[PDB]
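Since the structure comes first, as structure tokens, the remarks are kept for the end.
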Amino acid sequence: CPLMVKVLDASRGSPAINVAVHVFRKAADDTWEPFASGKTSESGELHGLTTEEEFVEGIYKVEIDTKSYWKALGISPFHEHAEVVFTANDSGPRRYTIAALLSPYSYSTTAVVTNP
Amino acid sequence: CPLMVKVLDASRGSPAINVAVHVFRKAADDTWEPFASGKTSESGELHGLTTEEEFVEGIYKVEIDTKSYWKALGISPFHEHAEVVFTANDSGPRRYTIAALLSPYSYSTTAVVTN
Amino acid sequence: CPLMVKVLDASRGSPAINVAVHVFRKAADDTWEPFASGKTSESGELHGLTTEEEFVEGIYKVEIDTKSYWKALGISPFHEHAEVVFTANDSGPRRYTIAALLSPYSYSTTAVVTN
Amino acid sequence: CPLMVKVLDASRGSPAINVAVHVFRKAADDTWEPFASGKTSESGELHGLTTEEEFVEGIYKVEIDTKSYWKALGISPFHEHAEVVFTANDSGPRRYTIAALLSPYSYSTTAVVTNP
């Protein structure tokens, strides 16, 4: 699994469950091409977005749908979503974990990059 | 100032100085139109972005050029930039402070909405 | 002011107002002795904790009563409090801002050390 | 495993490996009694601190030795350590994950509480 996303709820002390995550890859014409999407599990984790074969070099955007998450809990959040944009695999394949921590008016994201 | 942006360097323990920040407002056709911009001061703050008259309800995007910030310090960054996207709702007034805390492989952002 | 503390509510998007903050300095016997204290203002800031003369090099502990803050809002908190422990080293001057960002089950803290 | 600690390095984009973690429990006389200690693995995780039998109700302090971590990397950090203090199991056994994100001048901690 070369790309994993894990989301926690800092406000409620739980995994952020059923969070929609959309991944895009910058195309030759500078537009964002859809790449992969999924939802976090009961543990707040999203595995299986992509494969070693599919996850080529490129600029990737990971958009976490924080707004729908809060609205489903009956909460009016500040942000529309949380975006993480990065260049991947520039010096050969790496494994990326994008960790996100959510509160209605704040979020943090961190990347863990490991050499497989 | 209805909108202020404050950027801190959480790795080196300083304000993030001379960081480029661009603000966009969402247009009817779903494209982003430039709205305000500037560079953070020695205190990491960017004041005077907009006026009460210009800052109407809508969806705003704040794009912080974190990549150039880290490269100017000789430090390899993870992100291409940091984006903060939010809806301004009248409510009330109010005044919005968008704070961003930067590390080479992480950032956090918080909104402070005061009377 | 060589030492300032700023507390923000990351869950509700406001300054954390009227939060009790106690500062201690480490004594020779490894016990914590009270040094300064106060309650955050309407801006979430606590100014005037100490003076240049009183704030010598040493190990300092800042204890923020986050539990009472959340209970006053009717929100169940995880932590008993939030503690920030650090060494003040002359260096240079300098001026220290301890910022804390609070949510019911999380907090972050960053130090900003300016000239 | 009723108590787990996971530590990430936000400055370097890696798990925080070999981080010392000390846990204390508030005693009857209001002193901190040593409870458990360990070091994070290559994945930045620390399992096996305690057991269901040992982890009774109480006020617990989890002290993460962030200073030694940074000093071992040759970095002068701001903080002496990162403390997390909380009341545990007040309404019966729960599983706690304490997640920490470290930078030389900043850290964040979050708790995930689940009902086993």
Side-chain angles (χ1 to χ4, degrees), chain A residues 63 65-68 70-71 75-83 85 103-107, chain B residues 1-8 15-69 80-102 107-115, chain C residues 6-17 40-45 47 97 99 101 112:
Chain A
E63 192 179 326
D65 187 4
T66 60
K67 184 171 184 174
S68 300
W70 294 115
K71 287 185 73 270
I75 291 156
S76 305
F78 188 70
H79 302 93
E80 287 300 300
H81 60 255
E83 277 143 350
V85 183
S103 295
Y105 277 76
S106 180
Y107 64 86
Chain B
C1 278
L3 180 67
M4 196 265 279
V5 173
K6 183 180 183 186
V7 190
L8 303 180
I17 306 164
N18 205 31
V19 185
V21 176
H22 293 260
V23 187
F24 306 83
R25 191 180 176 272
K26 203 160 200 179
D29 65 357
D30 283 337
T31 62
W32 292 107
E33 65 183 339
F35 175 81
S37 60
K39 284 177 175 175
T40 57
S41 70
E42 70 196 325
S43 68
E45 301 181 341
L46 182 49
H47 292 279
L49 279 167
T50 190
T51 52
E52 288 185 347
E53 296 86 355
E54 291 170 85
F55 191 56
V56 295
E57 289 182 304
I59 308 170
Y60 290 84
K61 166 171 75 161
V62 175
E63 216 158 50
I64 304 162
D65 189 0
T66 59
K67 196 181 193 177
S68 299
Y69 173 74
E80 286 299 303
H81 57 249
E83 330 172 75
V84 182
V85 184
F86 67 95
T87 294
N89 182 240
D90 278 353
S91 301
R94 310 154 167 281
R95 295 208 194 165
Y96 298 80
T97 299
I98 304 298
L101 262 161
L102 311 184
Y107 64 94
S108 67
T109 185
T110 310
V112 182
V113 184
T114 58
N115 201 310
Chain C
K6 183 180 183 186
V7 190
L8 303 180
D9 182 331
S11 195
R12 289 162 64 261
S14 67
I17 306 164
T40 57
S41 70
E42 70 196 325
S43 68
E45 301 181 341
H47 292 279
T97 299
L101 262 161
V112 182

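Note: hydrogens, waters and symmetry copies are ignored here, and every other heavy atom, side chains too, is used. So that the names make sense, note that chain A is the first sequence line, chain B the second, and so on, each numbered from 1.
Counting heavy atoms from C-beta outward, A:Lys71 and A:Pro77 have side chains that approach closer than 4.5 Å. Taking 4.5 Å as the limit, some side-chain heavy atom of B:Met4 sits within range of a side-chain heavy atom of B:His47. B:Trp32 places none of its side-chain heavy atoms less than 4.5 Å from the side chain of B:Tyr60.
Minimum heavy-atom separation, B:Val113 to B:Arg94: CG1-CD, 3.5 Å. Scanning both residues, A:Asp65 and A:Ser68, for their nearest heavy atoms gives OD2-OG, 2.6 Å. Shown here for B:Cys1 and B:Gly48, the closest heavy-atom pair between the two residues is SG-N, 3.2 Å. Between A:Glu80 and B:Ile59, the shortest heavy-atom contact is CG-CG2, 3.8 Å. When all heavy atoms of A:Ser103 and C:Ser11 are compared, the closest pair comes out as CB-CA, 4.1 Å. Of all heavy-atom pairs between B:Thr51 and B:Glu54, the closest is OG1-OE2, 2.8 Å.
Applying the ring pair (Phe, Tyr, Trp, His ring centres under 6.0 Å) test to A:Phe78 and every residue at least two apart in sequence or in another chain returns A:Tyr105, B:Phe86. Contacts of B:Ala100 classified as side-chain contact (heavy atoms from CB on, under 4.5 Å), with partners at least two apart in sequence or in another chain: B:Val7, B:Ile64, B:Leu102.
Around atom CG of B:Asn115, no more than 12 heavy atoms belonging to other residues, nucleotides or ligands sit under 6.0 Å away. Within a 6.0 Å sphere centred on CD of B:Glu33, heavy atoms belonging to other residues, nucleotides or ligands number more than 12.
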List the atom pairs, with distances to 0.1 Å, where a side-chain N or O of residues 34-44 of chain B and a protein N or O form a donor-acceptor pair under 3.5 Å, not counting sequence neighbours.
residue: B:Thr40; atom: OG1; partner: B:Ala16; partner atom: O; Å: 2.7
residue: B:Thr40; atom: OG1; partner: B:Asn18; partner atom: N; Å: 3.1
residue: B:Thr40; atom: OG1; partner: B:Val19; partner atom: N; Å: 2.9
residue: B:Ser41; atom: OG; partner: B:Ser43; partner atom: N; Å: 3.2
residue: B:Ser41; atom: OG; partner: B:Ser43; partner atom: OG; Å: 2.8
residue: B:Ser41; atom: OG; partner: B:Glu45; partner atom: N; Å: 3.4
residue: B:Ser41; atom: OG; partner: B:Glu45; partner atom: O; Å: 3.2

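Atoms CD1 and CG, on C:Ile17 and C:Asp9 in that order, are 9.0 Å from each other to the nearest 0.5 Å. Atoms CD1 and CG, on B:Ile98 and B:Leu46 in that order, are 12.0 Å from each other to the nearest 0.5 Å. Here the CG atom belonging to B:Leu3 is positioned 5.5 Å from the CG atom belonging to B:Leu49, to the nearest 0.5 angstrom.
With hydrogens and angles left out, the side-chain atoms of B:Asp29 and B:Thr31 include a donor and acceptor closer than 3.5 Å.
Side-chain atoms of B:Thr109 come within 3.5 Å of backbone N or O of B:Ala99 as a donor-acceptor pair. The closest donor-acceptor contact from the side chain of B:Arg25 to the backbone of B:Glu57 lies under 3.5 Å.
The six-membered or imidazole ring of B:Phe55 lies near that of B:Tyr96, with a centre-to-centre distance under 6.0 Å.
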Worked check of side chain to side chain contact (heavy atoms under 4.5 Å, CB included) between B:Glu63 and B:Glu83: CA-CA 4 Å; B:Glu63 216 158 50; B:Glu83 330 172 75; 3.5 Å; yes
